[PDB]
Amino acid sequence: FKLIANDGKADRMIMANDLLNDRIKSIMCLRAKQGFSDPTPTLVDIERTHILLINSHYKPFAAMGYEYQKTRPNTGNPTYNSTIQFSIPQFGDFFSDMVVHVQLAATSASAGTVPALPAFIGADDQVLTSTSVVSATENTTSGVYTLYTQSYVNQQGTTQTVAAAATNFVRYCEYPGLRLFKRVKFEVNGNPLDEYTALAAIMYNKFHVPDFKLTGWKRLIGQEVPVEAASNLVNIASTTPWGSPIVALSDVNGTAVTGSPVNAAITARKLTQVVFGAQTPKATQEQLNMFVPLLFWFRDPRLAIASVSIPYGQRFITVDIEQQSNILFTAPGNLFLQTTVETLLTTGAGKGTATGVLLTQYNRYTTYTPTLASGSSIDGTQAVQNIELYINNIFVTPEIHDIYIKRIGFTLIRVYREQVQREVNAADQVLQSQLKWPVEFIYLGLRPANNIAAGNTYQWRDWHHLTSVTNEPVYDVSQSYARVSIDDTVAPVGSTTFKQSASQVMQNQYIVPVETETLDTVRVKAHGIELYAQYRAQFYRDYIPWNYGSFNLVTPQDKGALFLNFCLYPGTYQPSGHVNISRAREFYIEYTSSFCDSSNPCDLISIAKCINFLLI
């Protein structure tokens, strides 16, 4: 390797080594004539034109240290569905990031009973006991007798009696720490200095938690994390699980048989993902521990709030707590409805009925459905065992503190501004009347009202989704076959003494959450002037979060989360664009919907982050 510092026009413009060497010759000549003993230039002299890519320089920081502090509420024993207020103690010169520790008690569902059995299916041979319900459909024309059986069993398959004991399981909604804080408010002198609701908390969940922070984020707000599990070897090189008669076959023409398995080429095991946390239904949800961060601007250390700048008399963190019925839900436990259909094909007298003779073919089909126990609901006495505000307090030297107060003047801050408009229109133009400061960007969504409805059995999951979610089942079915000869003196091949039997049993069932988007197009208009033309919602959900923000902006998973951007660097502190209001009086967000109508009302959610100023 030889370094080449000056090769033509390209190197002259990128490295400028001829100039750099000329600057050195000039600087050493001036220092020498001016009487310096050391004529070699200073590193600053070089840095006035050229950057040094190898450089160990740094600056000393004004002496600084920090320490967290727990604080209990002024409002006594904490409960669900209440307002909890913390004082911001006088401790550090500044206070910065905050996080609230919430402790929810271990809880179980009340005792219930096995519900009544389903109604009859077939019109014939109806029998109802305490343990099963049996009906049948005859068909003497085809000779097929269909028998319907439904019963209740546990996981091991033991039949459960109607009205016997049964207990539902309990689960927390997804992201319960985000839904638990109905409203979070930082107020000084009676008025809210900044505030946000659970809609902002879930907007943050979708746009500002990259994967290198996700596992801890999920743990802070009570969302279970998946755990990877490894299986036995499913492929072993040079062998196969298939029996020999079907392996490595060739047809009569020498060609390998389509559908004939061959030996595996690699040795591999399977990975599966399991969850067993707050969102998985359990007989007893263990004590839930969450550390909910407060998503205020001053979480940034550079933006730490000077303690003397706010009186201790009226400075508070005030949190409205969601109700338990929106956080904890019952779910089916160790109780399953077994639905079995059996077909018996007879060919003799009475065929198609229960008295038909000569059974040639038998088939069984069976599914299992998790079932709710009657009268088993959540424990309403579940205690909020502990809640405490953690405040990071920063300390500085007395000299710098006095200089900082007298010379800082003000600080640039960011605040939330929320508006929710109920809609039954497929298309509408919604004046944004809570938007009233320089807006950097707006989170936008059209959440169906059913996502938060107590009648939606999937509210625990759908509440934070911004789309209409339907549930598509995926079945794992075990197929079996069996043939048996009942006459040891007659050849089975081609005889009715060569019986047939088959079975399809449900092995497991998955639920695919299928999102149907609620926004087709979005338009942003201010005083009859387009800020954003009518573009497909996919432009705001996919392209804008992809192009802007760097690691501060995450492309959202939710198909309904949209980002109306007005700045060049959405995550950074340095201002880089806004829409002032200002002539923003008539600020309109116009949408088109293929989902929203009178039968499917939705909430147009628009949350903006605005710039304001705090004078210290």
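The first residue of the shown sequence is 1; numbering continues from there.
When the mean C-alpha temperature factors of 537-545 and 433-441 are read from the deposited coordinates, 433-441 comes out higher.
The deposited model assigns a higher average Cα B-factor to 190-198 than to the other stretch when 391-399 and 190-198 are compared. Of the candidates 562, 568, 29, 553, it is 29 whose Cα B-factor is highest according to the PDB record. Comparing C-alpha B-factors across 269, 208, 464, 407 in the deposited entry, the largest value falls on 407. For residue 164, the recorded CA B-factor ranks within the highest third of the chain. Only modelled residues enter the ranking. Among all modelled residues in its chain, residue 517 ranks in the lowest third by Cα B-factor. Looking at the C-alpha B-factors along this chain, the one for residue 371 belongs to the middle third. Sorting the modelled residues of the chain by their CA temperature factor places residue 125 in the highest third.
Annotation for residue 364: C-alpha temperature factor in the lowest third relative to the rest of the modelled chain, per the entry.
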